[PDB]
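Participant:
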Amino acid sequence: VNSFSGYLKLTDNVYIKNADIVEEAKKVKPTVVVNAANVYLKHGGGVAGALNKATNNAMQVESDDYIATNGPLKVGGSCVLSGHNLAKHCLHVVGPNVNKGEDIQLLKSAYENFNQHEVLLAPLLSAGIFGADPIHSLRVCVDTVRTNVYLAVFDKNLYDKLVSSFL
Ligand SMILES: C[C@@H]1CCC(=O)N1Nc1ncnc2[nH]c3cc(F)ccc3c12
Ligand SMILES: [Cl-]
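Numbering (the authors' numbering), first residue to last: 3 to 169.
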């Protein structure tokens, strides 16, 4: 048993809710919140901008030190950093950005990072400003992640479409 509340169960291990991931993170304080990161960990907008804003820019400060030491992530890759006031840890995961021409096939690799964590609160990777079809992202999530994932979908119309179209 865990403290996630109000989720619809899609599969044995995937759950979904219409929620703002920032407010969900602040309420639950999960062990792991997933950020929709880019390779430079520049948290300017979308989920990343919102998570970073909620940390009063501490996520960005930590991220800039990470990049200065390690260089950029790979598309499809991840790193574990602090969750600040939102979670114990933040798993920064880079899904492909279709608006940059990045290979949508890398979305499966991106979701494989979730399997290193028993339970996660997460957005749909490559959705929103990353330009992929969220219905496809949900399908890849369900077919790739084997650990317990609680998906937060900000947009109510999209949430309803994801549920109603789920196979
Ligand atoms: C990209 C995915 C696909 C469907 C969807 O809604 N996405 N985004 C979110 N998902 C969950 N919480 C969020 N909080 C946010 C706060 C923001 F400023 C901006 C975006 C989000 C957001
Ligand atoms: Cl977005």
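All C-beta atoms in this analysis are idealised placements derived from N, C-alpha and C, irrespective of residue type, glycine included.
When the Cα atoms are used, what is the spatial distance from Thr-57 to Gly-51?
Facilitator: Start at 1 with the first residue of the sequence shown, and residue 57 comes out as number 55. Start at 1 with the first residue of the sequence shown, and residue 51 comes out as number 49. Each residue's alpha carbon lies about 10 Å from the other.
Participant: Three-state secondary structure (DSSP) at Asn-37?
Facilitator: If you number the sequence shown from 1, residue 37 lands on position 35. Correct three-state label for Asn-37: strand.
Participant: Quick one: is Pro-98 buried, meaning 16 or more other Cβ sit within 10 Å of its Cβ, or exposed?
Facilitator: Position 96 of the sequence shown, counted from the start, is the residue given in the question as residue 98. Buried, since its Cβ has 16 or more Cβ neighbours within 10 Å.
Participant: Comparing C-alpha positions only, which one of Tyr-161, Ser-167 and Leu-123 sits nearest to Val-147?
Facilitator: In the sequence shown, the residue the question calls residue 147 occupies position 145. It is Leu-123 whose Cα lies nearest to the Cα of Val-147.
Participant: Taking 6 Å as the limit between beta carbons, can you name the residues of its chain near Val-16, skipping five residues before and five after?
Facilitator: On the sequence shown, position 14 is the one that residue 16 refers to. Excluding sequence neighbours, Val-16 sits near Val-144 and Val-151.
Participant: Please state whether DSSP places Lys-44 in a helix, a strand or coil.
Facilitator: By 1-based counting over the sequence shown, the position of residue 44 is 42. Looking at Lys-44 - three-state DSSP - the assignment turns out to be coil, as it is neither helix nor strand.
Participant: From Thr-13, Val-3 and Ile-18, pick the residue whose C-alpha is nearest to that of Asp-157; which is it?
Facilitator: Sequence index remark: in the sequence shown, residue 157 carries index 155 (1-based). Of the listed residues, the one whose Cα sits closest to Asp-157 is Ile-18.
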